[PDB]
Amino acid sequence: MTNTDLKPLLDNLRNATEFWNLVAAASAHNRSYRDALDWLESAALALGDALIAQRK
Amino acid sequence: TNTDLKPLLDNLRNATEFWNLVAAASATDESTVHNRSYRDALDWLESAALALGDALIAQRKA
């Protein structure tokens with residue numbers, strides 16, 4: 001869609017990815033693991049649903 | 001950078017449309033069918049989310 005629409009949704013997904021990656025790098029479950037998984041799923045779905053909605 | 005992002009966004013959009021389909025189907029799917037589809041929809045959501053997220057992390061590094 002739009003650069004300004006994306007930005008906050010991309011930011012949330014990047015933070016969720018960076019968190020998930022760090023939770024993964026430390027075990028190589030936790031309340032942090034579950035919050036990271038939930039935040040990753042929630043940011044993925046929010047950006048996916050936003051991409052769906054903007055393509056009419 | 002929309003050319004770098006477009007294949008990652010398309011992949012995430014499609015995984016979400018599939019996930020939304022698995023959700024609509026769970027109202028009538030047998031529970032064995034649902035667990036399999038949901039696991040598959042979750043794994044595609046995750047790998048699509050992470051592939052775009054890793055690319056945003058790598059591009060923020062500039």
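Rules behind the numbers
- Residues numbered from 1 in each chain as written, not as in the entry; some residues may be left out.
- Chains lettered and ligands numbered in written order.
- Heavy atoms only, no water.
- Residues with missing side-chain atoms left out of burial classes, pairs and counts.
- Contact = heavy atoms within 4.5 Å.
- Helix = DSSP H or I, 4+ residues; strand = E, 2+ residues; numbered from the N terminus.
- Nonpolar A, V, L, I, M, F, W, Y, C, P; charged D, E, K, R; others polar.
- Expected span 1.5 Å × (residues − 1).
- Buried < 20%, exposed > 50% of the residue type's maximum accessible area, 1.4 Å probe, protein only.
- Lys, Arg positive; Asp, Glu negative; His and termini not counted.
- Salt bridge = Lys/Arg side-chain N within 4 Å of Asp/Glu carboxyl O.
- Core = buried A, V, L, I, M, F, W, Y, C linked by side-chain atoms within 4.5 Å.

Its PDB record attributes the structure to X-ray crystallography, giving the resolution as 2.30 Å.

A. Broad picture of the interface of chain B and chain A. Every contact between the two is made by 19 residues of chain B and, on the other side, 19 residues of chain A. With 11 residues, helix α2 (residues 31–60) of chain B is the single largest residue contributor to the side of chain B that touches chain A. Each residue belonging to the side of chain B that touches chain A can be placed in one class, and the counts come to 10 nonpolar, four polar and five charged.

B. Structural view of α2 of chain B. Over its 30 residues, α2 of chain B runs 42 Å from end to end, which matches the ideal 44 Å to within 8%, given 1.5 Å per residue. Where α2 of chain B terminates, the next one or two residues include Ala62 of chain B, which has phi positive at roughly 45 degrees.

C. Molecular detail of the side chain of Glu46 of chain B. Note that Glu46 of chain B resides in helix α2. Salt bridges are absent for the buried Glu46 of chain B, whose nearest opposite-charge side chain, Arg39 of chain B, sits at 10 Å. Each residue touching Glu46 of chain B, except ones within four places of it in the same chain, is listed here: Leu37, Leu40 and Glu41 of chain A.

D. Inspection of the nonpolar core at higher detail. Of all hydrophobic cores here, the largest spans 30 residues; its most connected members are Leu10, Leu13, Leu40 and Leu47 of chain A together with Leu9, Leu12 and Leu52 of chain B. Those elements that place two or more of their residues in this core are α1 (3–27) and α2 (31–54) of chain A together with α1 (2–25) and α2 of chain B. Per-element tally for this core: the top contributor is α2 of chain A, with nine residues. In contact with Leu9 of chain B, not counting residues within four places along its chain, are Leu10, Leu47 and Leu51 of chain A together with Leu52 of chain B.

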